[PDB]
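Each chain, letter by letter, is given below.
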Amino acid sequence: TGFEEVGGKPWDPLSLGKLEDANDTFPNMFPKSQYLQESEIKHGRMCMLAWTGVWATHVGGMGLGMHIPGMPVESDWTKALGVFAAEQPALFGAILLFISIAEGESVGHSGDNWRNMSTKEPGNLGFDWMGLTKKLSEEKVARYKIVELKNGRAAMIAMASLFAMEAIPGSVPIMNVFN
Amino acid sequence: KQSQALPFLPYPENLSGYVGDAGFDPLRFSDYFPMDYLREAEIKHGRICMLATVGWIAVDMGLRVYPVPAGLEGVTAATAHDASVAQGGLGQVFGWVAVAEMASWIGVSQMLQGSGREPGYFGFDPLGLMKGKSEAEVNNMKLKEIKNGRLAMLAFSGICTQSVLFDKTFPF
Amino acid sequence: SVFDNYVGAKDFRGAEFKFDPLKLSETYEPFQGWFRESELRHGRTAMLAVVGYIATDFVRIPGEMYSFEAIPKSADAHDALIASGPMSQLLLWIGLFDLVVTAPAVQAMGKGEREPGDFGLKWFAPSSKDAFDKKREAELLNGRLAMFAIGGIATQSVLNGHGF
Amino acid sequence: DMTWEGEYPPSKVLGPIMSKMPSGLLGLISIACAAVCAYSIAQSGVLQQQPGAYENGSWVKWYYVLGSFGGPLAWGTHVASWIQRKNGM
Ligand code: CLA
Ligand code: CLA
Ligand code: CLA
Ligand SMILES: CC(=O)O[C@H]1CC(C)(C)C(=C=C/C(C)=C/C=C/C(C)=C\C=C\C=C(C)/C=C\C=C(\C)C(=O)C[C@@]23O[C@]2(C)C[C@@H](O)CC3(C)C)[C@](C)(O)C1
Ligand code: KC1
Ligand code: KC1
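Residues numbered from 1 in each chain as written, not as in the entry; some residues may be left out. Chains lettered and ligands numbered in written order. Part of a larger assembly, values for the part shown. Heavy atoms only, no water.

K.L.:
Please provide a residue-by-residue account of the site of ligand 2, values included.
P.N.:
Taken together, the neighbourhood of ligand 2 is formed by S100, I101, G104, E105 and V107 of chain A together with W75, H78, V79, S81, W82 and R85 of chain D. Near ligand 2, the surrounding residues belong to chains A and D. Measuring from a nitrogen atom of ligand 2, one finds a side-chain N or O atom of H78 of chain D at 2.8 Å. Side-chain polar atom of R85 of chain D to an oxygen atom of ligand 2: 3.1 Å apart, as the coordinates give it. Sorting the residues of the shell around ligand 2 by element identifies α3 (89-108) of chain A together with α4 (70-86) of chain D as the ones contributing at least two each. For the shell around ligand 2, the element with the highest residue contribution is α4 of chain D, accounting for six residues. Partitioned by chemical class, the residues of the shell around ligand 2 number five nonpolar, four polar and two charged. (Near = heavy atom within 4 Å. Polar contact = N/O pair within 3.5 Å; in protein donor to acceptor, adjacent residues only side chain to side chain. Helix = DSSP H or I, 4+ residues; strand = E, 2+ residues; numbered from the N terminus. Nonpolar A, V, L, I, M, F, W, Y, C, P; charged D, E, K, R; others polar.)

Put into structure tokens, the structure is as follows:
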């Protein structure tokens, strides 16, 4: 299971995953469980890349300083997209167009997961590409889905931690022991 | 079942009448558009180009109307368009093509809603030439019109491009 | 199941070589007809490319724009013919072929009425399908080898600068 | 007649031409109309600011006006591409 930090049962204190069938007043105005699971996996996958992008481009201590020769040079991650979209406009568009086509294709084949009418399981974007649902057993790929979910939730808290430091400069005291 | 012009592609299956058929159409415009419209457009593109390639060849090889009206004196076929619209000329040609094309539009519009009109059929056969001919001979002459029209479409496009790009008259 | 639907599970010694480590033909099983039509297209392109690099280093077509004085070895034939015209001429006609022929060919392949790789050159094609299947794996093996050969030739002629 | 049920309309709501077109052809047409519209808007932007090419509305080109109306054609052909894909072409 993936509920080991929160007991052994699913965790929902505000009961936000029950809002759609709680009453009858706002019909299909709240997403059902397939959209909520797919948005949880997608927010976690973006936060797993985004926290790595702040960590790999931070030039101070404990954060490893990677750089691509040819890219614009702004180690401040809160302004690096503005200097990349201005100096490399064709590369910025080709990345966005790839993100655009992948995002529309991810629901263009399936159905309405907002209304639990989708035909695919949430998180599966057809990007296995190397094994591994065919290679690994059925309980190993179920273990690795819980791993990607929990590493996605951990990086989501981490990106909320980075969002909070830039807004309220005393939000995270643990991020002061690394400098 | 297989296309004749492309014997690895299947037959497009909407070309089964239509005397000039090679089974050619790879992009399958006959699958999406009405074939009565497509053949009417091919025929009209053909007989316009048959007049155009003969009119461009005649004007480039001498042959002005005599006597030459004012403003068309030193003029080739690649510069006779704008010179004729300033003289008058094409303004009257455009007026009478417009009343022919507005009347033929009612023919095309009624053909696509029924009416049994053949694509590329007007009443224009004043010199006889079809006085009780058999349908195997009528369809043969329709094939000569579409084949010669298909050639003059590629010919005029060759003549008009080469006369302007390399800047010459038709015996290049 | 791409090894039973299609032919080419061989190595350089002729032994049976089921080579799909990433299992792309099972992950993308509807795409395996496209995978073979594009493997042959990459193969048949690289076989003409490896010949056209070696034959250029000795023979040019007889024009002065194509001469040995203009393009020194073979590696400047791309960049010193872009604005000249011959690279734009082949870009037109291959792109016209790919729009008018190949794109209706790959949709007829997906509908199931033509085999992938078949563009109608059946003159020297033998019958007795296993004999044709032996010709396809000879096309595949010479194709797959040329895809590394044109990778080797065009890379080594830039870092070392030597011809052949 | 044109009423429909379920998750997707039938092909016949696209008219008599696009109801027979493949979803991949309508999808690639849509990117072609979107790229022509985005090129027409960007090139009319650089014609507006060029100091010898904007006077008395000389920045307006007929091919850039006609190209910019690929925008609503790119919207419709990508909606039509989705409908043909849901209908199995
Ligand atoms: C090779 C030729 C070429 C050229 C010259 C351009 C040029 C351009 N492209 Mg294009 N593009 C190209 C090829 C090209 N592109 C290709 C091959 C593709 C793929 C098909 C694209 C697809 C594409 C897309 C999708 C977009 C562009 C856009 C642009 C414009 C960028 C302007 C900009 O970044 O301001 C951005 C503004 C700034 C950098 C100023 C802000 C800086 C402050 C300080 C930041 C402060 C923080 C901020 C508030 C936080 C915001 C976060 C939020 C964005 C999430 C520029 C005119 C963009 C555009 O403007 O479209 C209308 C755009 O969205 N292009
Ligand atoms: C607003 C009208 C609108 C509608 C009804 C659709 C509908 C569709 N889109 Mg499209 N799309 C749109 C705008 C729209 N789109 C815009 C603005 C973009 C960015 C350029 C796209 C980029 C896009 C891609 C890459 C893909 C689709 C696809 C699809 C289809 C499947 C659902 C999906 O994945 O899209 C999701 C679309 C969005 C999340 C963006 C739309 C959100 C809008 C802005 C909401 C606000 C609407 C507002 C009331 C009025 C619009 C004002 C206008 C100026 C924007 C569906 C037919 C897929 C497809 O099947 O193509 C064949 C697909 O792959 N769309
Ligand atoms: C990968 C394919 C390929 C490409 C992109 C090139 C590209 C080039 N060749 Mg090379 N060539 C090739 C294969 C290729 N060649 C092959 C296989 C041979 C041996 C016959 C040659 C022998 C050759 C000579 C003798 C010369 C060139 C020259 C050149 C350069 C310019 C003129 C030209 O196009 O030559 C004309 C092309 C040929 C002579 C080869 C004919 C093509 C063969 C028969 C395959 C085509 C078959 C296929 C079915 C055609 C379908 C076309 C499609 C649109 C319908 C250009 C960089 C010229 C140069 O000076 O280089 C700098 C030059 O003098 N090539
Ligand atoms: C298999 C195969 O073959 O290919 C595959 C390849 C691929 C890519 C993977 C696939 C896909 C996904 C696709 C194609 C997604 C495409 C989405 C696409 C292409 C488009 C949305 C436009 C939205 C809006 C709001 C646009 C304009 C909206 C407006 C309002 C305007 O333009 C206004 C304007 O006009 C006027 C009114 C006045 C002008 O003066 C000014 C302007 C211009 C401003 C497919 C489907 O699987 C097919
Ligand atoms: C039946 C009604 C009718 C009248 C009453 C009329 C009259 C004139 N035509 Mg017109 N005309 C047609 C019909 C009529 N025309 C038709 C069916 C066509 C084929 C589409 C046609 C084509 C041309 C061309 C190419 C030219 C042309 C001209 C003149 C000009 C001669 C004055 C003169 O003879 O001294 C007088 C006003 C020439 C010109 O000078 O235009 C400024 C000229 O170049 N016409
Ligand atoms: C059937 C219609 C047709 C015409 C009307 C035509 C015309 C010209 N071709 Mg093209 N061409 C093909 C077809 C046609 N070509 C085909 C099917 C192929 C194989 C893909 C092809 C390939 C090349 C290459 C490699 C070159 C080339 C050129 C020229 C140029 C001068 C030719 C001359 O006078 O000898 C004129 C405009 C050369 C050039 O000078 O480019 C600056 C050049 O290097 N072509």
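From this point, the discussion proceeds with the structure in view.
K.L.:
If you had to explain the site of ligand 5 to someone new, which residues and values would you point to?
P.N.:
Residues and elements named next belong to chain B. Lining the immediate environment of ligand 5, one finds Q87, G88, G89, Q92, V93 and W96. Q92 is positioned such that a nitrogen or oxygen atom in its side chain is 2.7 Å from a nitrogen atom of ligand 5. By residue number, the principal contributor to the shell around ligand 5 is helix α4 (residues 90-111), which donates three residues. Here the residues of the shell around ligand 5 are counted per class, giving two nonpolar, four polar and no charged.

K.L.:
Please give an account of helix α5 (residues 130-159) of chain C that cites residues and values.
P.N.:
Residue and element names in this part refer to chain C. Across its 30 residues, α5 extends 44 Å between first and last C-alpha, which sits within 8% of the 44 Å expected from 1.5 Å per residue. For α5, every residue scored as buried is listed here: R136, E137, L140, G143, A146 and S157. Along its buried surface, α5 packs onto α3 (32-54). (Expected span 1.5 Å × (residues − 1). Buried < 20%, exposed > 50% of the residue type's maximum accessible area, 1.4 Å probe, protein only. Contact = heavy atoms within 4.5 Å.)

K.L.:
Explain the coordination of the magnesium atom of ligand 6 to me, using residue names and the numbers behind them.
P.N.:
Just one protein ligand coordinates the magnesium atom of ligand 6, and it is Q89 of chain C (OE1) at 2.2 Å. Tracing the sequence through the fold places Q89 of chain C in helix α4 (residues 86-111). (Donors = N, O, S within 2.8 Å, 3.2 Å for Na, K, Ca; no water.)

K.L.:
A description of the packing of aromatic side chains should follow, citing residues and the corresponding values.
P.N.:
All names here are of chain A. For the structure shown, the criterion picks out 16 aromatic pairs over all chains. Residues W51 and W55 carry aromatic rings whose centres are separated by 5.4 Å and whose planes lie at 25 degrees to one another, so their mutual orientation is stacked. Taken together, the residues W51 and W55, both in helix α1 (residues 33-57) and four residues apart, mark about one turn of the helix. For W55, a relative accessible area of 35% puts it in the partly exposed group. Ring centres of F127 and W129 lie 6.1 Å apart, and the angle between their planes is 35 degrees; this geometry places the pair in the tilted category. (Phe/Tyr/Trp six-rings, centres within 6.5 Å; stacked < 30°, edge-to-face > 60°.)

K.L.:
I'd like to hear about the interface of chain B and chain C, residue by residue, with values.
P.N.:
By a widely used convention, the size of an interface equals the accessible area lost when the partners come together. Counting from both sides, the interface comprises eight residues of chain B and, opposite them, twelve residues of chain C. A buried area of about 810 Å², summed over both sides, lies between chain B and chain C, and 69% of it is on carbon and sulfur atoms. Applying the counting rule to chain B against chain C returns zero salt bridges. The tally of links from chain B across to chain C stands at zero residue pairs in polar contact. Taken together, the residues of the side of chain B that touches chain C sort by class into six nonpolar, one polar and one charged. (Buried area = accessible area lost by both parts, 1.4 Å probe. Salt bridge = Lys/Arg side-chain N within 4 Å of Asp/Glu carboxyl O.)

K.L.:
Could you give me a rundown of the packing of α3 of chain C against α5 of chain C, with the residues and numbers involved?
P.N.:
All names here are of chain C. Remark: α3 packs on α5, axes separated minimally by 7 Å, with the N-to-C direction vectors making an angle of 50 degrees. One element, α3, and the other, α5, form an angle in the oblique class. Remark: the crossing between α3 and α5 carries left-handed chirality. Contacts between α3 and α5 involve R36, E39, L40, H42, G43, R44, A46, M47, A49, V50, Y53 and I54 from the first element and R136, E139, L140, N142, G143, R144, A146, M147, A149, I150, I153 and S157 from the second. (Axes fitted to C-alpha atoms, helices over the stretch in contact; angles between N-to-C directions. Parallel < 35°, antiparallel > 145°, perpendicular 65-115°, else oblique. Left-handed = near helix turned anticlockwise from the far one by under 90°.)

K.L.:
Quick one: what's the story with unusual backbone geometry, residue by residue and with numbers?
P.N.:
Of the consecutive residues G131 of chain A and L132 of chain A, the connecting peptide bond is found in the cis state with omega at -20 degrees. Inspection of the secondary structure assignment puts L132 of chain A in the loop between α3 and α4 (138-167). A cis amide bond, omega 0 degrees, links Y66 of chain B with the succeeding residue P67 of chain B. Relative to the helices and strands, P67 of chain B resides in the loop between α2 (35-60) and α3 (80-87). Its identity is not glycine, yet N116 of chain A carries a phi of approximately 60 degrees, on the positive side.

K.L.:
Provide a residue-level description of the arrangement of the chains, including the pertinent values.
P.N.:
Where the five pairs of chains in contact are concerned, the greatest contact count is recorded for chains B and C. Across the gap from chain A to chain B, with no contact made, the nearest C-alpha atoms are 24 Å apart.

K.L.:
Tell me about the pattern of salt bridges, residues and numbers included.
P.N.:
Residues and elements named next belong to chain C. A complete count under the given rule lists 27 salt bridges over all chains for this structure. Of the charged contacts, one joins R144 and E39 as a salt bridge, the two residues approaching to 3.0 Å between their closest N and O atoms. Of this pair, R144 sits in helix α5 while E39 sits in helix α3, and the two are 105 residues apart along the sequence.

K.L.:
Go over the packing of α2 of chain B against helix α5 (residues 135-165) of chain B with me, naming the residues and quoting the values.
P.N.:
Residue and element names in this part refer to chain B. Two elements in contact, α2 and α5, have axes whose closest approach is 7 Å; the angle formed by their N-to-C orientations is 50 degrees. Taken together, the axes of α2 and α5 lie oblique to each other. Our pair here, α2 against α5, has a crossing hand that is left-handed. Classifying every residue of the contact of α2 with α5 gives 13 nonpolar, six polar and six charged.

K.L.:
Please give an account of the environment of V75 of chain B that cites residues and values.
P.N.:
Residues and elements named next belong to chain B. Following the sequence through the fold, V75 ends up in the loop between α2 and α3. With relative accessibility at 15%, the residue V75 sits in the buried group. Taking the C-alpha atoms as reference, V75 lies 23 Å from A152; in sequence the two are 77 residues apart. Among all residues touching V75, those that are not within four sequence positions of it are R64, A80 and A83.

K.L.:
Got a sec to walk through the environment of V107 of chain A? Specific residues and values, please.
P.N.:
Mapped onto the secondary structure, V107 of chain A falls in helix α3. Through-space distance from the C-alpha of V107 of chain A to that of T119 of chain A is 9.8 Å; in sequence the pair is twelve residues apart.

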